Amino acid sequence: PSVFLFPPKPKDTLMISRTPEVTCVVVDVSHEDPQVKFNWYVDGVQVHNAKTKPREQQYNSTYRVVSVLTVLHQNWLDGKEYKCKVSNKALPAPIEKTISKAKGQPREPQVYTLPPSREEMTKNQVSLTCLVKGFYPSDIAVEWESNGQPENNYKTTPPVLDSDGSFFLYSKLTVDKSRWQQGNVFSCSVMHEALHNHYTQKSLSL
Amino acid sequence: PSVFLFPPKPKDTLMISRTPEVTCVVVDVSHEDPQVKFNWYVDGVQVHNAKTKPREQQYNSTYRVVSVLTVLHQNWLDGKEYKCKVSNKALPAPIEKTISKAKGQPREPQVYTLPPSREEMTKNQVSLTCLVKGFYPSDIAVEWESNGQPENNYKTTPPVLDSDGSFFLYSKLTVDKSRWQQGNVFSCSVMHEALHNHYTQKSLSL
Amino acid sequence: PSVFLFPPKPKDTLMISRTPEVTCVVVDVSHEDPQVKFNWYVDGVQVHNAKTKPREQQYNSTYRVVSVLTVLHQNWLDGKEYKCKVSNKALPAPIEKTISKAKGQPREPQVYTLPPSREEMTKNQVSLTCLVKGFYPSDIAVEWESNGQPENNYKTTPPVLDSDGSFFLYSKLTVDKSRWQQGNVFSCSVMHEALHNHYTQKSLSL
Amino acid sequence: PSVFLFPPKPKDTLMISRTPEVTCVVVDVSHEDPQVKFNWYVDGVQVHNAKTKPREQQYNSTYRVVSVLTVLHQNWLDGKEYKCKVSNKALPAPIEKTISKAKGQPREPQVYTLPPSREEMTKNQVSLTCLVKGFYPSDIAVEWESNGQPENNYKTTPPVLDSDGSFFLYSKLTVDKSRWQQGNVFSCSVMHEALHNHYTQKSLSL
């Protein structure tokens, strides 16, 4: 019987709108010793009931019981260590897996905007590109805006480790040629931990 | 013995960095019946221990006991009704004061930037002005940036009710003439509930 | 039982036609000790009967007795300290609340009128704005005139302290686009203590 | 006991000099039932001995037995389905995991090379970028050359699915400013299934 802690999705931490949650999961819960008793400790103080809220589930030939605890942004972004202390009878001595954003003197993500190669103009749909480099840690979200209104045709590579011990990632927003020539202004937003107001925006036009 | 609920400061709600808190206070707590027992209910479910955390305090010729409960942005911005149910013996039937951001189909704050009257150029320190109008509700924060770096010399009128049932407010950033002539770019940021990404920025230059 | 002194409205002080009055008010006057005896002292000499003139009034579960004393412009603008010395039997030692408007070197507000950001022109109703800065003390009132006739659509932020130890405040007069383009002449009037003839007017047009 | 099939590395498939191999691996092989009997079938006909060649290995508290089969370029690029049929006594009915790379009409990536945003020039190290889009299937590898000699400072995002059902990926080669200004010629090489000679190269310079 082994435990697994799950950090929250980025998007949900960086925004005041969402509810980011830390997830703890237990798999391989023997039919004979089905009792699992979760114990959550926030940094140090037990958050007891806090928000923990499981359910049981039959699976493989075993069980999978998942218990969830809500997290306060503030605390997370500030590194409060979150701890899961799960207990069973089959198990010998309760397992205690832990999890916190990975400490690490943050690096202010650099963000540039790059236009389509003359070459691409040859086709009926050009492609704009905004590289987001040298930031830390991975957590970060990118979104595109052509005005106040944000666009649809766009994807975002996940991050890769650079040599700096830094991070970088790209994002494409394919756009119908006309648009681009008709010199419209586009902007890719980058929300992250170190951006002064957890945000910065750049723009591409003609 | 009467109770008073206190909504959180704007700044602390709109940002993922801060810890916005709802404050409940009891004044006029008779020397003979000093026992006050707080009961907090979130929307409906009692948050029992949640985060409540008071202390007693001798004052006037009476007592003032303040108990505080932490609030999750999400929930607040979404209107969860927060309720304080205070009880004493002197008091007849516990008092139950409540409090939630004031419902009200929000209005996307319009934000413009205005330069100094030719007339002001006459002095050794000009003044830039960004009006923030027609938004709702009052909650909103304004900050100034000349580059990535944010400035110091600046104040922000509180809001006033307009005819629209809307709100508006101004903000000055006095700046040394040279600066202004040396065509530097300035920007006043407006963080609010309805701004797509809870933010928008405008700029003033030459 | 607690007393509250009320300085006169600005308009009423700065003009020779109005009668500006200082108001003293008593709240929570216990049904058993309803006797309240007003004692007015101007600067030093008791103004005894002067113009004091109350009446009694039953309220929530208490009484609220208001007594008023007329003030001479001259004396006020010159700083004569006005004092209210209220006495009751319930109360221990009569309360003596005082009131004079600000101490110090009044300063001449300098006023500028500013037009609507081109951007605002995009809408069906532009907005004119006249900042009134660097004045002392807060006392001051603003009024709008598009001709000899003054307008209606307009509000006035209260003052905020600046760094000069000075004061400033703004005022909006939203106006329907056409009229503004139709190059009409508008003026925001500023009545204050240090304006030569306790007034000054500026205008905005095309 | 569970089996895992491993497709060959791209470079090894697209080139006539390398030997690309499909790998089959068995984990959690119980100390009591350590007998694992590998059965390889190419597309349909069992390749019996073919080239299969394992060995046993003790691990955590279990065994991990890896057996490898060499693959003919031709057959692979043509889609021959490769199958691993592993059997043990502990296990109930042998596991048969399969593996062939993608089905469908491969598509010819179109490649563009893009320069660093003027803005980047502000720093001590610019960054070159060549987007590789609209290709199928994911299989593909990129390499950088500044001459005949290929560089080191560079990473390569994995692919992401686009809307065409196509694929695209980027690759950064940070380079010290001077060199870029010193107008040196750089080229990013793209080896893939549909590139005429399973290759194509583009260059960036001044």
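Letters A, B, C and D mark the chains as written, and numbering starts fresh at 1 in each.
The rule is simple: a residue touches a chain if its C-beta (ideal position, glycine included) is under 8 Å from a C-beta of that chain, and two chains touch if they have at least 3 such contacts.
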(message) By mean C-alpha position, what chain is farthest away from chain D?
(response) C
(request) Would you mind pulling out the distance in Å between where the CA atoms of chain A average out and where those of chain D do? (result) 27
(message) Suppose each chain is reduced to the average of its Cα coordinates; what separation in Å results between chain A and chain C?
(response) 54
(request) Answer with line, ring, star, complete or other to describe the graph linking chains that touch. (result) line
(message) Going by the touch definition at the top, which pairs of chains touch each other?
(response) A-B, A-D, B-C
(message) Quick check on the complex: what are the chain C residues that touch chain B?
(response) 112-117, 119-120, 127, 129, 131, 133, 153, 155-158, 160-163, 168-170, 172, 174
(request) State the interface residues of chain A toward chain B in the complex, per the touch definition above. (result) 13-19, 48-49, 70, 72-74, 77, 143, 145, 148, 150, 189, 191, 196-201
